[PDB]
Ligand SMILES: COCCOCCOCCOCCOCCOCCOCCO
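Presented below, as structure tokens, is a lone chain in the form solved without this ligand.
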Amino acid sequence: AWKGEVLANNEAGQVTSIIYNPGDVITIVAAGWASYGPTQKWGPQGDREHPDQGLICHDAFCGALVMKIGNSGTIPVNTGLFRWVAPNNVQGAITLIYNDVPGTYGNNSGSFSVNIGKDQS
């Protein structure tokens, strides 16, 4: 299992120690408070009131936690995934990222604390 922090101002994202292999079932739980700019802070689902101005993930709100598995596209994580299997045969290392517009991560603050484990299969 992996336990770590994902900083909201890190545009490259946080590489974890988890490799997602074919057939793996995983569980993620995320908590904490971060902002894409404003003084207010939001949790791992982000800000449902902010429009999408070119987010790295169009299926999650600005300020949400998202991930990539290997060379996949971005996949929403939000507060977590329960006993989840990756669709479409994706595989590889798990990278966690804060959902913002590329080039605008410099004014971001806060972080999420994230647990990832593999389930029985």
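The first residue of the shown sequence is 1; numbering continues from there. Heads up, when I say rigid core I mean the largest set of C-alphas that superpose within 1.5 Å between the two forms.
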Q.
After superposing on the rigid core, which of 87-95 and 60-68 has its C-alpha atoms sitting farther from this form in 9 other deposited structures of this protein?
A. 87-95
(Q) According to the Cα B-factor stored in this entry, which of the following is highest: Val90, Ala31, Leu96, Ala64? (A) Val90
Q) According to the PDB entry, is the CA B factor of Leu81 in the bottom, middle or top third of its chain, that is, lowest, middle or highest? A) lowest
Q: Check where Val15 lands among this chain's C-alpha B-factors and tell me if it's the lowest, middle or highest third.
A: highest
Q | Modelled-residue ranking by C-alpha temperature factor, third containing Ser35 | A | middle
Q: Can you work out whether the C-alpha temperature factor of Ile26 puts it in the lowest, middle or highest third of the chain?
A: lowest
(Q) Test of reading the entry: by CA B factor among the chain's modelled residues, which third contains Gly73? (A) middle
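Beyond the structure shown, there is the form solved in complex with this ligand, which is absent from this document and is the topic of what follows.
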Q) Would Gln45 show up as a contact with this ligand in the deposited bound form if we use heavy atoms at 4.5 Å? A) no
Q. Is there any non-hydrogen atom of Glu11 lying within 4.5 Å of this ligand in the deposited bound form?
A. yes
**Q.** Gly92, heavy atom within 4.5 angstroms of this ligand in the deposited bound form
**A.** no
Q) Would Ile56 count as a contact of this ligand in the deposited bound form, using a 4.5 angstroms cut-off between non-hydrogen atoms? A) yes
Q: Give a yes or no on whether each residue among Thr16, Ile18 and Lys118 has a heavy atom within 4.5 Å of this ligand in the deposited bound form.
A: no
